[PDB]
Amino acid sequence: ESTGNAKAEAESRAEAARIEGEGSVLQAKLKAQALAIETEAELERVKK
Amino acid sequence: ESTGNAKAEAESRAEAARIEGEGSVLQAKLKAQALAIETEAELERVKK
Amino acid sequence: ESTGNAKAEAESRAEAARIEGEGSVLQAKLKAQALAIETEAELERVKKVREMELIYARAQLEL
Amino acid sequence: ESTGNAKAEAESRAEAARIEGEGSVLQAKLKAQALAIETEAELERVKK
Amino acid sequence: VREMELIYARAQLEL
């Protein structure tokens, strides 16, 4: 009839993984990494 | 009566998705830069 | 009689919205700049370790 | 008949999340971030 | 922290 983690009463809780975006972060789009270093030029300006 | 989410047995499982994951792929800017600025340790030892 | 808000079970829930959230997206300027000015820690350590160029200065000439 | 956090008598209280704007802050509009660095030129003036 | 530029000044010449 029942086995696991039963929880009740009040606000928030979490129990699983739901690493949706996190997994997507690991599988970072190369193009995303490129734009990162390509844009650094602006940061360098704030430095210079 | 108590009711709740059950997770019988053990394999890869997802539940209560989105929020955290989505937020991760969006930025995590604070720790991203934090860890990134701590990377200088390489350049630090090189100087040392 | 007491009456009040009940939150049976447990899942994602919202209530008493707006105010705090709205105020957050608006500015949070004090802590925003506070944490931002504390970010210099990176540039701080960089200086702390760049100090090593002092190498040339070891040629002390205390006559 | 009843379960949870019942509260009464006087002023203010809060119990939930209501992270409306907060969530919106995490999901920061790229264009908003751009204008931020683009406007910094004024701050630099006060520096120079 | 900018004080660190003092590096050059370590070449003390206390004769």
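As recorded in the PDB entry, chain A goes by Major vault protein and comes from Rattus norvegicus. For this entry, the PDB title field holds "Draft Crystal Structure of the Vault Shell at 9 Angstroms Resolution".

Chain C is annotated in the PDB entry as Major vault protein from Rattus norvegicus.

Enquirer: Where do I start with the overall build of chain C in this structure?
Expert: Each helix and strand in chain C was counted, giving three helices and zero strands. Each helix and strand of chain C, ordered N terminal to C terminal, gives the series α-α-α. A globule of 63 residues ought to have a C-alpha radius of gyration of about 11 Å, yet chain C, at 27 Å, is considerably larger.

Enquirer: Whenever I open this one, the interface of chain E and chain C confuses me. Can you help?
Expert: Size of an interface, as often reported, equals the accessible area lost when the parts are brought together. The interface is formed by ten residues belonging to chain E together with nine residues belonging to chain C. Here the side of chain E that touches chain C is composed, by residue class, of seven nonpolar, one polar and two charged.

Enquirer: Hey, could you run me through the arrangement of the chains in this one?
Expert: One finds no contact linking chain B with chain E; the least C-alpha distance across the pair is 14 Å. At no point do chain D and chain E touch; the closest pair of C-alpha atoms across them sits 16 Å apart.

Enquirer: Please explain unusual backbone geometry as it appears in this structure.
Expert: Note: most residues except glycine have negative phi, and most peptide bonds are trans. Backbone geometry at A16 of chain B places phi at a positive 55 degrees, although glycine is not the residue there. By secondary structure assignment, the location of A16 of chain B is in the segment before α1 (19–26). With a phi close to 55 degrees, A16 of chain C is a non-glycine residue in the positive phi region. Turning to its location among the elements, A16 of chain C is positioned in the segment before α1 (19–26).

What counts as what
- Residues numbered from 1 in each chain as written, not as in the entry; some residues may be left out.
- Chains lettered and ligands numbered in written order.
- Part of a larger assembly, values for the part shown.
- Heavy atoms only, no water.
- Residues with missing side-chain atoms left out of burial classes, pairs and counts.
- Helix = DSSP H or I, 4+ residues; strand = E, 2+ residues; numbered from the N terminus.
- Rg over C-alpha atoms; globule rule 2.2 N^0.38 Å.
- Contact = heavy atoms within 4.5 Å.
- Nonpolar A, V, L, I, M, F, W, Y, C, P; charged D, E, K, R; others polar.

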